[PDB]
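Engineer: Below is a structure I'd like to ask you about.
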Amino acid sequence: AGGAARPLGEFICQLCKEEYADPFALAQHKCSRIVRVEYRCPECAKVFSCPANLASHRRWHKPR
Ligand SMILES: [Zn+2]
Ligand SMILES: [Zn+2]
């Protein structure tokens with residue numbers, strides 16, 4: 001898990017989409033992200049480089 005997580009210290013950019021809860025990483029925050037096709041899943045934090053398998057992966061999160 002990690003602990004009691006919520007929007008505290010974290011800046012989430014709209015354009016570069018970089019997100020850091022670590023205050024040191026906001027001081028080192030460098031806006032410039034080549035974000036072609038990458039989708040992070042909340043629980044399965046490993047990023048998917050494809051949209052189609054991601055859609056089938058959401059079907060895996062869908063109940064009956
Ligand atoms: Zn940024
Ligand atoms: Zn997932």
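Every chain in the structure tokens takes a letter, A first, then B, and so on in the order presented; its residues are numbered from 1, and the ligands are numbered from 1 following the presented order.
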Counting only C-alpha atoms and all ligand atoms, which residues of chain A fall within 12 Å of ligand 2, and what is the closest atom pair for each with its distance in Å at one decimal, ordered by chain and rising number, as CSV?

Structural biologist:
residue,atom,partner,partner_atom_place_in_ligand_line,distance
A:39,CA,ligand 2,1 (Zn),10.0
A:40,CA,ligand 2,1 (Zn),8.3
A:41,CA,ligand 2,1 (Zn),4.9
A:42,CA,ligand 2,1 (Zn),6.7
A:43,CA,ligand 2,1 (Zn),5.8
A:44,CA,ligand 2,1 (Zn),4.6
A:45,CA,ligand 2,1 (Zn),7.6
A:46,CA,ligand 2,1 (Zn),8.6
A:47,CA,ligand 2,1 (Zn),9.5
A:48,CA,ligand 2,1 (Zn),9.7
A:53,CA,ligand 2,1 (Zn),10.8
A:54,CA,ligand 2,1 (Zn),8.2
A:55,CA,ligand 2,1 (Zn),10.0
A:56,CA,ligand 2,1 (Zn),9.9
A:57,CA,ligand 2,1 (Zn),6.1
A:58,CA,ligand 2,1 (Zn),6.6
A:59,CA,ligand 2,1 (Zn),9.5
A:60,CA,ligand 2,1 (Zn),7.6
A:61,CA,ligand 2,1 (Zn),6.6
A:62,CA,ligand 2,1 (Zn),10.3

Engineer: Go through the chains and note each residue within 8 Å of ligand 1, using only C-alpha atoms and all ligand atoms, then give the set as a PyMOL selection string.

Structural biologist: chain A and resi 11-19+29-32

Engineer: Tell me, which residues of chain A carry DSSP alpha helix (DSSP H), written as a list in words?

Structural biologist: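 Here are the alpha helix (DSSP H) residues of chain A: residues 23, 24, 25, 26, 27, 52, 53, 54, 55, 56, 57, 58, 59, 60 and 61 of chain A.
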
Engineer: Near residue 22 of chain A, counting only C-alpha atoms, which residues have an atom at most 12 Å away, once you skip same-chain residues fewer than 4 positions from it, shown as a PyMOL selection string?

Structural biologist: chain A and resi 7-11+18+26-29

Engineer: Enumerate, as a ChimeraX atom specification, the complete set of residues in chain A that a backbone-based DSSP assignment places in strand (DSSP E).

Structural biologist: /A:11-12,19-20
